[PDB]
Structures are given as structure tokens and as C-alpha cells.
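K.L.:
I need the structure of the sequence given here:
(chains A, B, C, D, E, F, G, H, I and J)
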10 protein chains.
Amino acid sequence: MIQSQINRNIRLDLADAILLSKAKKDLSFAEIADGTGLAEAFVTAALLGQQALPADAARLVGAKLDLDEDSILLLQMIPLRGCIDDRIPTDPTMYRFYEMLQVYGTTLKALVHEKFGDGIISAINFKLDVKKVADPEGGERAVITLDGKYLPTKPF
Amino acid sequence: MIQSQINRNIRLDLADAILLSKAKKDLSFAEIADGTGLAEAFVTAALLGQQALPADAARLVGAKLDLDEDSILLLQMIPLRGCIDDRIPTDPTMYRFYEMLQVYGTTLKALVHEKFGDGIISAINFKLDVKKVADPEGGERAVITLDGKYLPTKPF
Amino acid sequence: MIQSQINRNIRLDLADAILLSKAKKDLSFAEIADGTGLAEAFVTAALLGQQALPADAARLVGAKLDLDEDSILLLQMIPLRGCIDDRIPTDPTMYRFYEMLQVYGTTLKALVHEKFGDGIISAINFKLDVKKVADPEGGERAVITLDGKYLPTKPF
Amino acid sequence: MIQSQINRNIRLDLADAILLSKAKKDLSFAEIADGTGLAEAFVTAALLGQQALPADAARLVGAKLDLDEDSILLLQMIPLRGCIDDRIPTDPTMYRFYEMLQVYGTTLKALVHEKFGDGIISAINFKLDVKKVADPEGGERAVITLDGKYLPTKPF
Amino acid sequence: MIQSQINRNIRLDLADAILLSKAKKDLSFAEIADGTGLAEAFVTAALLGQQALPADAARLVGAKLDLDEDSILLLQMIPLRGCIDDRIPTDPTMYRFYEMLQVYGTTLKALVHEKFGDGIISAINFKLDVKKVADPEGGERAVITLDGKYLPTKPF
Amino acid sequence: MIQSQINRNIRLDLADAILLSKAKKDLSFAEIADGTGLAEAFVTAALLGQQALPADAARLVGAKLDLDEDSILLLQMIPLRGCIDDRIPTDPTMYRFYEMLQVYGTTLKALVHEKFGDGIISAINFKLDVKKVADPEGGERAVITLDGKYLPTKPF
Amino acid sequence: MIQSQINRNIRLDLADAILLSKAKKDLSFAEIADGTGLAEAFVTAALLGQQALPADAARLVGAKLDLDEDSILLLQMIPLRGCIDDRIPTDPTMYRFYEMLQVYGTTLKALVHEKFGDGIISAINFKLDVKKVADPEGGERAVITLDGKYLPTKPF
Amino acid sequence: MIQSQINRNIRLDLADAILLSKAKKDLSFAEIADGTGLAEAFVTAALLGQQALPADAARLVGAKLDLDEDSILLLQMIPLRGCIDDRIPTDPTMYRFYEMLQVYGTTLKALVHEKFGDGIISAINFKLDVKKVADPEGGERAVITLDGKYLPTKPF
Amino acid sequence: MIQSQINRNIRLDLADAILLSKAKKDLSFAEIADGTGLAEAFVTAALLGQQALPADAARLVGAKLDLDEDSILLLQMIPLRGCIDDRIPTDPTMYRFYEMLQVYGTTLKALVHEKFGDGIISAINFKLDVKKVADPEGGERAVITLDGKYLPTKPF
Amino acid sequence: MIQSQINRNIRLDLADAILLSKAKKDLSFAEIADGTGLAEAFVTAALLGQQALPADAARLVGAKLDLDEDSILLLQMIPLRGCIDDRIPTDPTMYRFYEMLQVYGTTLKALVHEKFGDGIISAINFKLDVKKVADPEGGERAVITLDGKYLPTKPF
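P.N.:
Numbering: from 1, shown residues only, chains lettered A, B, ... in the order given. The protein structure is shown below:
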């Protein structure tokens, strides 16, 4: 894929249409990603404008959601990424993930440098997943796994 | 503990002093936390101004770091949390965790509502840890586990 | 249930249409909510894009307001919450509630930690109500009750 | 009292000193306010730089906290109010009250206009209290009462 | 009136249309307010989306400006107030009033507290008028009178 | 006077010192300005860093407040004006004047152009005063007079 | 003229239409202003939404650009001024004039107070012109002249 | 020559010291620059932290102001330029030059491209001066000349 | 030539249309620029709203992309430049170039002043290109060359 | 190196001390880096707080600049990176590199995706250098080479 976007509004407008069609068909994101060979977090992110789908997956989810030909093509374009309206989320569900950064951001830095060294944990060579588990005290917990490659910073 | 702070600069200035003492003594965060009974991410976060240490743990790390009495008291105080200087990190290592939110924030929201329902994954009833694993294609990866309670949003 | 929004403009545009119909029909929020079994503050918030209505209540309020079938479906979706245009309200009526945070925010923090411990008063396990009472000295007062669960922050 | 401040840092620096004295003396805000004749939220807000104490209460809390003469006088000055560092709190405890505004701000406006009319609920002719109660489902809740005069907006 | 707005763009778009009709009809704000019994500043503010007109005044100004019935209803709605695009005016005429705040804002605070005590001068229980007077040095001056009730901040 | 400042912190730091001395001596702004031949609002603004005092008034207020020689010189310097910490006041007393601009800013623009024409009402050739009067409904009111030269905008 | 605007987008949308007509007709701003009796900077500013044209000039440039009657009327309206999208220009050509203020802003203040006294150089009683001259070392230079009335700040 | 600064606070603190010395010695910027062969705008900007002085000029002005040897050296370093505290000036005298950009910024762009072509008028190959002239209608005017080289933007 | 834009949205909307046509036709930027005689970075920048194409190149790329006549004209106008939506990129690919300025911006300043002197490296007399090369350790690298004229800052 | 910083001010204050010592000693960055075996851009960045020096290089440059032992240790710690005071540079020399992003940011994205695919050019696996070359039309140019590894974004 060599085609890319520069205005996030195009794919994000498509995301809204996808969500409406998805709600009318009573579909889940697991169901949509089923048969694509791709993880639910990757396929979901693509629908929401933050990843590009291969052609085969794009045609599959486009059929499932009744998308027109322009929209199936748009899902394959490399996006202009950035899902937050204005830098800091207002939505409580999204905000809690930002709050984890406000509380543990420097701890993440410190422990990455202690265990790996100078450099970063990648957000590109990177996998994400969300699992629901029982809480032994009652209720449920989300176990969200961030799996990123360590890239070192060395002198040159 | 019923005492709390309102100006983050006090605990963050202490953090800078802790970090210099820690460097002079060639100490790691894992070995500072050893013997506290507490996870390294929790103890590290406390040193960096973002959690309160129980008294026994505050005295132990204070001994290792040669902290004065006011500093050992300060580590026990409930902090004014917020480790980011100005809302968005400049540091590449912490920025990548912000970028995961810019790319996957809406996917996290969508999958949380899919698997749990309306509501939030807690940043309060919450544990995190960082593990280093080998990348089968070469190098190292960080597996960062966010483990939060689901709190539902229901009508009233 | 499992469907959710990512762009607040969809439900906020619906709220504008809802307010027009409500005004044209000379309806109050109390009487739109009457018969739903849900509190006026919850139903009002849903109309204004900040909560999801159960199917039975969305159908009922949609009949009262002559909403099309897509609008009744949108009311049931889990919203992308955040009602303030740009972080700080300009409207005097909403600004006063922000001002109470500028004046008493640190007092709320201090007294919450004093009475409960480290942690938060939840905005999720949470309800509020607005009550009109007579002022003994003349005129009327609003008694706005914020009722949230204490969630402790514990070492791990 | 006709003396007032223009730079919040003077009283906020004093607040930090008060908090350290309070912690060294193992005092609660309820204990400090006992005997002043004033509500704990009012006295606490004054200590934290957001209200002015009458002379007798200033002298009393200054004895309890072993404050010097300049500090006792500062507590009686009318403050430059505003406790939030930079408009939006970073601290989770304080942030939850902001989130209440992001979710319910327009509902509070709508319900205030429906029950009272055009105008505002006052943040000046206004009392606040925080009450710890049992959660009937288990645990504890905060019942926070905002009690403000209705001021109408009428043509002229 | 119990109906209120949450999106200022609706009444502001109406204001743009009102101003065009006013310009085509060569009308002044003084002429439009004549016969309403309401001050020109109040009626003007309502046209520009910042006040609500009573029904009789809305019908009279609507006849003068040839407004449709939806527009006449909208003028009676309680607005989402806030006339400044983005917090600080760009327009020189409006900016000068902001600059008066930058220069005299702390003086206004200091003199209010000196003459009245702790508290505010209300922007709600409030009247405003603009008068043209001759400058004895040549030219003209505006005398703009801000008339607000004092509301005291008292201990509780 | 040809000397001017470029960093407001110098004169604002002086202002804090002036306020402490003023408080210790139980002085009002009205009596500090007594005998200067200058209006209380002008003298007060100079003490608070927003105007320059002539040498005679600077010595006169400097004696009343027991200011050192450098301070009396500073009060004569042309200031770097701007009393608001960060663009929008947090203090309720100053905020209300900002809110009057949010509600009536466009009304003030419209009425200025109607009565005078294109141009501005000056904040430079400008005087203000604060008067305390009875509220005929009960209580007290402030009548704040803004008196500014009309400067026309003309084609060239 | 007593008619004014409050939303800059109306005249800025007109400016875009003017620019398209001007490009299609191969006209310069000098040619458009020729015959108006007005300086090219003033007429150009009016076309771009920042000044008001007298009626004779409005009709003339309207004929040159084949504008409709609503547009010719809009050009006569007193504008809501402010041509910069979001406070700081992104465009290099416009940014250089902002950079001149970042480098020389305090020097301009200092030199104005030294030559004139306390007060301002007016942006209202003000003329601007752009002159192209040869660079004696090769190339071309712009000599831009800012010609503003000095308005003194005097005690009262 | 080759030494440069990265923190504007160091030279801006030096500027404050220079202004205090200058005020005590009753010096003007014209007299300080006298004998340097450099324009008063250039020397003044250097004192205020926005240009570098040659060694001969730096010792010369340093002797007039009784600067220590570290200060004379600092004046010769290449500065981190930027005199505005926070992007938009609060001071009325400096604000007027920003307002000229809000009013004429796009006119300056349009006339530069008309007279010269695509590209910029330089703020680096650039000179400015401030001249006082008489206003034939009474009073005084400042003529500020901005003189910058045209650098073209050409295809490659 | 002499025509220029003031609202970036016009050319940026055209960019979106170009990208859609480009993807439908399976074209690369390299192929679109082929035959123009112009570098691929310059032509691409023009398509994306940030440069002006000469007439012959505009017609060539217009034919390739099946653009209408208004669009071919628009591509020849001098743009209102600025491709970043809100100052700091959200997109990871664009953000890495901002991060190189956060890490190396003061080093670039320091080394420019050491090797060249006071002044700037031009962004106007400026060429850039992107080259794909083998990584000697495995994989691919981008070698991005910024080639700008040095403009000195000298006294006047 | 497992030690890291969380507050950039510590290393940036050290950078200012380094720059003063460097200026007093008439040293260039090239000669400070000479004998380290490290590139001038890397050593310079470390001195300015944006990289970590290995122990041998830290001791060598510490000797050259007469740094104390705490400072030599600080240069070895992994920094909290971010050299720009407030997100967008004010300094002209630094700003030109930001302007290159405003003009070419979307072109860089487009050409990276065209030549490499989805993903990023690394700012971590990354080197840069600054070279002076003669301009054949007269004067000098800077050739700044940004050399980063391509990291692909692949489906998972």
C-alpha cells in the first residue's frame, strides 16, 4: 500500500458511518474481525481510522457492514493517525488510560531504562490486547497487555 | 494516613534528590523495593511522587537512600498526583505511551464496552508491571500489563 | 449494551434537534422522564449525549419527542462523553460549578483523604440530584447532592 | 477586612507550611476547625488559601499549628482565589469532580433553568459539606452537598 | 421560560441572519428595542445570542426584522452564553475592554474588597449602559456604566 | 519619565511587599492615595504594577508604606502591564468582569459602532472609578464607570 | 455606517470568493484600489475582511470584481477584525512579521517610551504602506512603514 | 562569534539588571548606543537579550552601565531570542504591534506576493527604526520602518 | 504569480480530492511528478497545499489526476502554508520529525552558530529530498537531506 | 547506565553552567567532542541535556569544562528529553526547523509511505549531522542530514 491520507476527518467520518451500520446490524467487533485472520484490536483500530486494512480484510468487513466501494478503498489507505479530539480525552473510559500515564508515566520511563537501557518501547513494533478476567473479590477486571519492541539509544 | 499534599513540586523536588542519591549509590529500583513487600512499580511510583508509602516501607527505602526525617515523612503523605510537566510528554520514552493512546484510545473504549459494558476500567483499583522478554526475531520486548477493575455505568 | 460512539458531535447534534422538538412541544425534562422509571438527571443527561438509555426508555422518550428510528437507536448507544465545548465553560450557569472546583477543589481532596483515605470519590459509581428549597432569608436555593462511592488506592 | 491579595503564591506557600506542621503534629482538619465556630470545609479552604479567616479563628488555628505572626495575619487577608495549578486538575481525586462537570454540566444547566429559571446557582452565597456514609451495598460513600442561592437573570 | 440551549452556534447563526436583515432594512439597535420596554443593551444582547427575550418583545423585534417563527421562538430560549470566539477577543473594539481587565483587574478586586468586603460584584444581578458624551478637549467619549449587586462571601 | 520595564515580575513582587506593609499598617487604598492629587484607582493600579507614579506621589506613598529608595524609584518606572496571571482570571471577584465581556462584549462592540462609528473606545485615554451605592431592593451595589475616548477608524 | 459584524467567518468567506474572482480576472490589488481614492493597503484589508469600504468604493470594487449586491453591502459593514486563524500565523510570509515582534517587541516598547513617553503608538489612528525598492547588494527589499499616532497615558 | 545561549532567562535576567542600572544613572538608550556605530534599535535589542554585541560595543555599553565582566561577556553571546513572555503580549504598548498583525497580516501577505512574488520578507536580513514626527492635526506620531530583504520561494 | 490564498482549507480540501483520485488511479507521487522537471518533494508539497505549481506543471498533473479547471488554477495560487492541523502532529510518522526537533533543536542552533555564525538556516531558500537506502545492519533507512542557505545576522 | 532523570530542569540548569564555562574558555563544541570518539551532534546534545554520555566521555568533557563530580555524574544519566521551552520555538534559528515541518510535514509522511510503506522513520535509531558547503550563487549553505531507520507498521 503506497496511498496515504493527510486529513483524519475523512476516515473518522467513515468510522461514524461504520458505527451506525454496525449498530443497526447488532454486530460486535469480534464478529466483524472474525475470518479476517487479524486480531480484533487491529481490525477495530482500522475501522476507527487508526490502521490500514489489507485488501482482502477490507473487502470482508466492507461486505459485512454494507460499505460502498469508495469506503472499502478508504479502509486500505494509510491513515493520518490520532484518535483524540483535542489532545486530552474528555470521555471517562478513554481518560482513565491517560490518568495511568499521569500517575505512572515516569515510573514506566524509570523501569524501562532500568530493565532495557536508554531508548524506548515501541508503539509501532507493537501489539495490544484486552482480556476480561474474574476478580477473586467479586466483579471483573480488564487485563490489557502492551507488547512493544525495545529500541535502544546508543552514542554515535 | 489522613495527611495529603496540594502542591506537587514538594514531592517532585524530593524525587530529584532521591534520584541523585540513588545514582551516587549505584542502586536500582528493584533493589530499593526489595524487602518492602511491595511491587517495584508501586514503590518506584512513590519515590517519584505518585503514591504514598506505608511507614515501614518509607523507613526502609529512606535507610537505603540516606534520606532525612522530613523526607521519610513526605514519602508517607498522600500526593498531589500528576507526573507530566505540561499535559503531553516531551520525552520520547514516555511519549510512546501517549502515542499508544492516540492510536488505540478509541479501540480500547470500544473493546471495553464490548466485553464489559458501559463504564470504565479503573486506574485506581489498578496494578501495573513491566516485564522484559526475548523477541524471537531478535532483540528484546517489553510486556506491560495494565490490570484494572471494571466499574459499570448503570441507570438511576 | 455493546455499541458505542467515538465522536461526540453525532449525539450532540441529536441533542440540538431534541431540544428544538422539546421547545416546540412545550415539554419539561421532568415530564419527558416521567414514566421511564429513571431519574430526571439520568434521562436528561442521556438526551444531552452523556448517558445511554435502555431500549424501553429510548422508545418512550422518542415517542414523546417524535424522533425517527435512527435517533431512537443513537440514544441507546454508549456515548463519547464530554459536554463542555472547550474544557472551561463560558456559560455563567455552568461556569459556577467550575468555580466551585477552583475554590474548593483542594478542600474536597483534603477532606476526602481525611475521612476515607487515599483514593477517589467515584464519578462512575455515582449519582446526583438537584433540589429546590426555600431560603429562610427570602428567595430560593438549589441543593445539589453529589453521591459517589469511595474507591481506595492501596499498595500492591 | 479590607486587605486583599493579588498573587496566589503567597497564600499557597503558606498552605504548604501549614500542611507540614499539621502532618508533624498528627492533626486532622476536623480537629483544627473544632472550636472556631466555623464549618470544616470553610476553615480547610482558608488554610489552603481560598477563604479568609476572621481574626479569632486565625489566632486559634495559628496556636494549634504553631504559626508565626505574619502567617496568622496572612490567613485573615482576602485571597486571590484559584486552587488549580493549570485549569484542569491532574490529581485523580480532584479530577473526578471535574469529570462530574464534563458529564453533567449541561444537565445541571438544563435542570437549573427548568426548576428555577434563567440565572445561576451561586458559588458565593454558597455552602459546601462532605459527609461520609455507609454504602448499603458495602463500603463507604461521600455525600457532597452544594448549597447555593438561585440568582435570576431578568430583563432590564 | 424553562427551555434552554446547549450549543451557542444555533443562536449565533441566528444572530448573523438578524444582522443581515438589520443591515438591509437600515435599522439601528435603538430602533429595534424601541417599544419593547427593555434597555437597548439587553435587547441587543438577546439578538446577539446572550439573553432571552420575553415573548412579547420577541414578536415585536421579529416583526421589525421579518424573522420566521422558528427564529422568534429561538430568541425566547435561555442561551448558552459566551460571545467570544476563543477566550480572548481579536477585534480591536472588543479587545479594549479585555485590556481594561489586564490593566485594572487587580485594582477592581482591591477596591471592591475595600469598599464592600470579601465577595463579588455580580455579573448576573447586573445592568449595563453605553452613553456618548462630548470631550471638552474636542471629540467624543463613551461612558460605560457597569452596575452590579454586591454579594458577600461570609464564613459558615 | 523615559525609563521602562520589560519583566512584570519585578513590579509585581514589589506589589506583594507593598500589600504586606499596607496590611501591617491597617491602611486602605483611599488613604494611601490621599494627598497625592490622583484618583484612588490610578494610585492603586500603580501600587499593583499597572501605572507609573509621578515622583512626588511616589515619595508620598513611599513614606506612608515605608518603602526603600529602589522601590520608590520602581514605582516611577513605566511598567510592563498585564495583571492577569494567565489570560483568564481564576479569582471569582476578577472573573465577574471577564464574564461581563463574555456576555456583553459583542453588545458593547455593536453599540459603540452605532453611537460613534467605526473605531474604538480607548483604554489609554481612559479613566475608571468604583462607587458604592444602596440597592433600592436591599443591599449594596457597585457602579463602575468606564470613561474612554472614542478614536475613529477612518479610510486612508 | 452604524452596521457591524460579530462573526468574522461571514466576511472571510466573502474574501475567499473575492480572491477567486480576482484570480480568474487576472487583477492585482493595486488595480482594484485604483480609482477608489483609497490606499491599496486599506482597500486590500477591506476585501480581506479587516476594514469597511465607503459606499462609493464598495460599488466600484464590486463592479471590478463582478460582485453581487449582498457582497457589496457586506464590504460596507464594520467587521469583526482578526485575520489570524489561531493567534500565531503558520504561514511563513505572515510569520516573519510575528517574528519581528518576538525579536524587537520590547525594543519597540522601550524606544516608544523614550521618544514619546508613557502610552501607546496607535493601531487605529494608523496608516500602513508596503514599498518595493532595490537591494543595493542585489535583489529587492520591502520597506514597510507603520505610521501611528502617539496616545499618552497620563495620571488622573 | 561562535558561543550561543539556549535559555532566554539568563540574558533576560541580565536585561533587568541593565534596566535598573540605566534608571539609576538616568541614561537613555540613545546615549548608551552613542559611540558604538550601531543603530539604537540594534543596541537596545542587544541589551534586552535579542541581539549579540561585538566585543568593542559590549565593553563600551558595559562601562556606561557598570557591568561586571561576566555580564559584558554574556552580551556578546548569540541569544536564544524571544522577548514575549507567552506568545501574545499583555502590555498595551507591545500589544498594538500584535494588533497590527491581526488587522493587516493577510494584507501584508497579499501585497508582498503581488509586488515581489512567492516567498517572504526577511526578519533576518532586516533593519528597523523608530522616528518621531509631528502630526499636522496636532500631537505626535511614530513612523516605524521595517526594512527586510525579499527572499523568493522557487520551484526545485 | 501574483495571486495568493488566505484560507488554507480551500487548498487542503483540494488535497483530499487529489489523494482520492490518486488512489483510484493507483498513482505514485513519483509518477505524478515525472515529466514536470520538478523534484518530487516540491510537486508533492504543491499537491498537498504547501507550494505553488508553475502553469505547465499544474496542467500536467491535472491531466494525470483528471482535475477540473478550477482545481488546476488553485494549484497555481500561492498558498496559505501550514500543513499541521493544530501545531503539534498527532500522526506517528509526522510526529517523529517533531521529536527530532525536541531532542536536537538546541544542538542544531548551537552547531549552526558554531559553523556559520549568528543567523539562520533558511526554510525558504531551501531544498529537501528523501532517499531510501539499505541499513548496513539489515532493513532500510531514510536519508532526509535539508539543504538551506545560511542567512547571517549582523549589526546595523 | 540504569539511572535516569524525570525533571529536565536539572540537566538544563547544568547546560547553562556548561555554556558559561565553555564561553569563558573560548571552546567550540567540535573541540569539546574531540577525543571522545563521539560525533559532534551527539556530544553537543548531551551537554544540552538531550543525551547521556558514557563515563569516559563524561570525564573527558568534564575535565575540559572544569565540571564538578556531581555534574560529571549528571551527564551520564539518561535524560528527561525535550529541549523546547514551550512546544513551539521562539528563537528564529530553531523556528526554521519547525517551519520545515509546517511546510513539508505531510510531504515527508507521503514520501515515506510511498518509498517504505506504513510505519515511521525512527527518531531513536537515528543519526544527524550538519555540514557547511559553498553555495555556487554565493555564500554558504547548511546540508543537514537526518538518517533514521524505517520501522514498519504491520497487521497483527
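K.L.:
From here on, just use CA atoms for contacts and neighbour counts.
P.N.:
Fine.
K.L.:
Can you tell me which residue of chain A sits closest to chain E?
P.N.:
residue A:86 (14.6 Å; Cα to the nearest Cα).
K.L.:
backbone phi and psi for that residue, please?
P.N.:
phi -140, psi 70 (degrees, to the nearest 10).
K.L.:
ok, it - how many residues close by?
P.N.:
Residues within reach of residue A:86, counting by other Cα atoms under 10 Å in any protein chain shown, total 12.
K.L.:
ok, now which ones touch it?
P.N.:
Applying Cα atoms under 8 Å, 6 or more residues apart in numbering or on different chains to residue A:86 gives no contacts.
K.L.:
can you tell me how far the residue nearest to residue A:61 when sequence neighbours are not counted sits from chain G?
P.N.:
Nearest residue to residue A:61, sequence neighbours excluded (Cα to Cα, 6 or more residues apart in numbering or on different chains): residue A:32, at 6.1 Å. To chain G, residue A:32 is 41 Å away according to Cα to the nearest Cα, to the nearest Å.
K.L.:
is it true that residue A:32 touches residue A:64?
P.N.:
Yes - using Cα atoms under 8 Å, residue A:32 is in contact with residue A:64, at 7.0 Å.
K.L.:
who's more crowded, these two?
P.N.:
Under the neighbour definition other Cα under 10 Å, residue A:32 and residue A:64 were set side by side, and residue A:32 has more, 21 against 16.
K.L.:
picking up where we left off before, you'd agree the residue nearest to residue A:61 is in a strand?
P.N.:
No - under DSSP: H, G, I helix; E, B strand; the rest coil, residue A:32 falls outside any strand and is assigned helix.
K.L.:
helices and strands around the helix or strand harbouring residue A:98, which ones?
P.N.:
Using DSSP states H and E, residue A:98 sits within helix A:92-115. On a contact count with 3 or more Cα pairs under 8 Å, 6 or more residues apart in numbering or on different chains; DSSP states H and E, helix A:92-115 meets strand A:119-134, helix B:40-47, helix B:92-115, strand B:119-134.
K.L.:
can you give me the angle that helix makes with helix B:92-115?
P.N.:
Orientation check (axes from the mean of the first three to the mean of the last three Cα atoms, to 10 degrees): helix A:92-115 against helix B:92-115 gives 140 degrees.
K.L.:
got the residues of chain A near chain I?
P.N.:
For chain A, the residues in contact with chain I (Cα under 8 Å from any Cα of the partner chain) are A:2-7, A:80-82.
K.L.:
again, 6 Å this time
P.N.:
A:80-82 (Cα under 6 Å from any Cα of the partner chain).
K.L.:
so what's the residue positioned nearest the centre of chain A up against?
P.N.:
Among the residues of chain A, residue A:45 comes closest to the average C-alpha position under Cα atoms, centre = their mean, at 3.8 Å. With contact set as Cα atoms under 6 Å, 6 or more residues apart in numbering or on different chains, residue A:45 has these partners: A:51, B:107.
K.L.:
Using JSON lines, lay out the helices and strands packed on helix A:92-115 together with distance to residue H:112.
P.N.:
JSON lines is the format used below for these (distance: least, Cα to Cα, whole Å):
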{"stretch": "strand A:119-134", "distance to residue H:112": "44"}
{"stretch": "helix B:40-47", "distance to residue H:112": "55"}
{"stretch": "helix B:92-115", "distance to residue H:112": "39"}
{"stretch": "strand B:119-134", "distance to residue H:112": "54"}
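K.L.:
Of the ones you listed, which is nearest residue I:122?
P.N.:
helix B:92-115 (27.1 Å; Cα to Cα).
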